[PDB]
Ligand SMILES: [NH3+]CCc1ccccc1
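In structure tokens, the next block holds one chain alone, the form solved without the named molecule.
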């Protein structure tokens, strides 16, 4: 049917059969990534050619491969071998994570570090994190994971409250060798528990909260057809899901009268980096590329009703592949519902005596994921008025350390002896623009202040200026909250009735971008996070700002290499990449579990419609 429908279990099992038949999926092979490909731009597919891209890992040490399969025709369109030391390691496998603690438990260097701190190895949990690329030459080409320890005094104990600072071990997860055990010195291990479920910490629970029942007596106003095709209040789109990106939006279009007008071809969070700012050797290597290295969609929570999604929810249970190509379903991993959103438009006119009030509503599409100690919610919203917004919700338990006696300029104290190193959480939304079609262009709009004088004798005049970004070498922009900088995406060939190109305007939160030194490993690997806006000429292969392979990959791929092509983006098929994120200096209130914090962006019509598109909304 629709070439944008969600991958079915049947298709995932067929991809496995095809790889197998092709001799690409023997016993030593592991699927490190599997996802359906989008229909080629023009006519690269005849009827419907469903293709899947796969990254195949080899547990014996053999070179991995990147394969594209046509589940329709039962063919392997391509299968190339990867030189991982050059182009990057494959995302970490779930199974490689549990390896680290196990190996460490019989390591004499490890055991001695633990003994020096009087810790029972059986109680020391190990957080296996991505390694990144640093000065360890023997790591080039190997799949390394670094482990940090936390004491878990008992079964239901949150070990995050008991970091074991001064110790870290590097583990090669393929050869199963502990490559290094670094012990800088003993630090008292914070003794206070942070068991937020323990009545002796919570105290008696609140009995003051009364119920709020949200209901929809006739069901929702949106319709789901073809499994993931949503139609709501003029809006039309397809909700997709990829194990790497999570919820992905396709064909966002608005039905303006007789015509269905496209707005965004595809929207997704293409990358998410969480860089740490503690300069201690125990943690200066820590950087979570949640999308690129871990694959956030894989860790998507099974949302419970009444708990995570309140109201009249319509759930999608996406299917992903496990390490062997078998399909596993993420039950209720995606929530869809509409929510009241206050007042849309209001005016009490004296002259006419007419009082007009209209309520707003928004369509929500979300999922929550867990990456170790942290949990994140991804929300996409569609409003009656044509506005599109995204919201990231950060929660979970903060990553801890010991708090250095004598304080720290890169670590905050949360409890006695317990520290929390500073970090950021930066996202990259990839917006494949289709404003009334693919012939688009982007303009940077700045407020313009005028001087008092001729033509502006009263000095009250203020204007705005718009600069067309004509080629990629000019499309890497930074925010300017001071001059109200925004970016407008227009279709220079489609005009409204006032003879102006239709458009949409991007409103960014203007938060600080990547703070790390420009010549740091992280600045190079997360070069996208150093600027707020990048615009590129659309290309089939330009999918992630960090490139296809982020794990233990240095710079060389991603946005910086795409941009170098210096292509024409003026009235062309373009893609907008927007960087936005939080900068976190943990506060005592974030412990022992962190209250939800948020970040995001939104786009609003800008001369797209010929007048307000909500003049037909009923009073009800």
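Positions refer to the first chain, counted from 1.
- For the pair 140 to 148 and 103 to 111, the mean Cα B-factor is higher in 103 to 111.
- As recorded in the PDB entry, 200 to 208 is the stretch of 200 to 208 and 503 to 511 with the greater mean C-alpha temperature factor.
- In the deposited coordinates, the residue among 291, 440, 284, 451 with the greatest CA B-factor is 451.
- Of the candidates 532, 446, 94, 385, the PDB record gives 94 the highest C-alpha temperature factor.
- When the modelled residues of the chain are ordered by C-alpha B-factor, residue 584 sits in the middle third.
- In this PDB entry, residue 550 carries a Cα temperature factor that places it within the lowest third of its chain's modelled residues.
- When all modelled residues of the chain are sorted by CA temperature factor, residue 495 is found within the middle third.
- Compared with the other modelled residues of the chain, the Cα B-factor recorded for residue 565 ranks in the lowest third.
- Sorting the modelled residues of the chain by their CA temperature factor places residue 394 in the lowest third.
Form deposited with the named molecule bound: not shown, discussed below.
- The single contact residue among 254, 368, 534, 160, judged by any heavy atom lying within 4.5 Å of the named molecule in the bound PDB entry, is 160.
- Exactly one listed residue, out of 521, 195, 373, 314, brings a non-hydrogen atom to within 4.5 Å of the named molecule in the bound PDB entry: 373.
- In the bound PDB entry, the named molecule sits within 4.5 Å of a heavy atom of residue 129.
- In the bound PDB entry, the named molecule stays beyond 4.5 Å of every heavy atom belonging to residue 443.
- Among heavy atoms of residue 290, some come within 4.5 Å of the named molecule in the bound PDB entry.
- Contact annotation: residue 136 falls outside 4.5 Å of the named molecule in the bound PDB entry, judged by heavy atom distances.
- Judged by heavy atoms within 4.5 Å of the named molecule in the bound PDB entry, the contact stretch among the candidates 506 to 514, 121 to 129, 200 to 208, 242 to 250 is 121 to 129.
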